[PDB]
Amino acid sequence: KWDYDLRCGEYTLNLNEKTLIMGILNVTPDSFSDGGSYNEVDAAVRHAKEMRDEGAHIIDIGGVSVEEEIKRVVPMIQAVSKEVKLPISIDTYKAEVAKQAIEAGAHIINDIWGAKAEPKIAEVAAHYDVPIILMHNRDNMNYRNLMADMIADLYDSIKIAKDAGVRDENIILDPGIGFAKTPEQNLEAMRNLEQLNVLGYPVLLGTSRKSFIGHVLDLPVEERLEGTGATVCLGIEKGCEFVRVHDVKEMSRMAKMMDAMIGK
């Protein structure tokens, strides 16, 4: 189905064998700290190791202005990439952050604005030859047709990326669940996720603990494991290659079961 592997510098991700689990790093900052402090970085390394041990395939590390964001995230990327043999994604929409993170050891760019907030981010992705996740996002929830519009917005992102010199194999798409969408539009995007497959790029699904699950189940954020699981299962059945999750152990087990059942 995929005739290439996802090339991440030192690491390679096979898109065919299994659903790839992107674990979300707890980056709880220290007050009184610019960044780089021992309790901050150690807590993050500990959590990275923990998720690595629970089945994560990628560690997503994110975030204060630009200068502070770098100082918070660079020392974390330095230590995690040193101590956890796992590809790291830099959760950022900012060109300058993206650059520093990769210089610090990050392998994948995770842009919640799909190269639209800072188009130079794609120049960054192009130059370092790294995979970039282009997430559907917009400043409004005024759709003519949700899916049709989503796909149009994702293409505008793909265009910005390719114009900058990003190779097709370095593009991952993301429906951006819980971004610029009603709880009902999120459900609708879930129900029709498979439509994103026609664009011909791997798809990452980020639904973990999100508000729409809470709207369906009427459960607070810490009571969202079962609902997250359901979204993850449906996402894998509808073809997505990555899931971005908080509960690595559990989702990793669900993904593995889904994979076996669908023949992936």
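Don't overthink the numbering: it's just position in the shown sequence, from 1.
Asks: Quick one: is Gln195 left out in at least a third of the other entries we compared?
Replies: Across the other compared entries, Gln195 is absent from none.
Asks: In a third or more of the other entries compared, is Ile58 missing its coordinates?
Replies: Counting only entries that model residues on both sides, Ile58 is resolved in every one of them.
Asks: Unmodelled residues of the deposited sequence between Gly239 and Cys240: none, 1 to 3, 4 to 9, or 10 or more?
Replies: The entry leaves nothing out here.
Asks: Comparing average C-alpha B factors as deposited, tell me which of 229-237 and 66-74 sits higher.
Replies: 66-74 has the higher mean C-alpha B-factor.
Asks: Look over 136-144 and 186-194 in the entry and identify the one with the greater average Cα temperature factor.
Replies: Here the higher of the two C-alpha B-factor means belongs to 136-144.
Asks: Which one of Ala43, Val203, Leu199, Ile59 shows the top CA temperature factor in the record?
Replies: Spelled out: the listed residue with the top C-alpha B-factor is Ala43.
Asks: From the list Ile151, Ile177, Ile108, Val80, select the residue with the highest C-alpha B factor recorded in the entry.
Replies: Highest C-alpha B-factor among the listed options: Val80.
Asks: Name the third of the chain's ranked CA B-factors that contains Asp91, choosing lowest, middle or highest.
Replies: Tercile = lowest for this residue's CA B-factor.
Asks: Mind checking which third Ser211 falls in for C-alpha B-factor across the chain?
Replies: Within its chain, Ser211 is a middle-third residue by C-alpha B-factor, going by the deposited values.
Asks: Taking the C-alpha B-factors as the PDB entry records them, is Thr12 in the lowest, middle or highest third of its chain?
Replies: Within its chain, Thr12 is a highest-third residue by C-alpha B-factor, going by the deposited values.
Asks: Classify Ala122 as lowest, middle or highest third according to the C-alpha B-factor given in the PDB entry, relative to its own chain.
Replies: Answer is middle: the recorded C-alpha B-factor places it there.
Asks: Going by the recorded CA B-factors, say which third of the chain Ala164 sits in, lowest, middle or highest.
Replies: Tercile = highest for this residue's CA B-factor.
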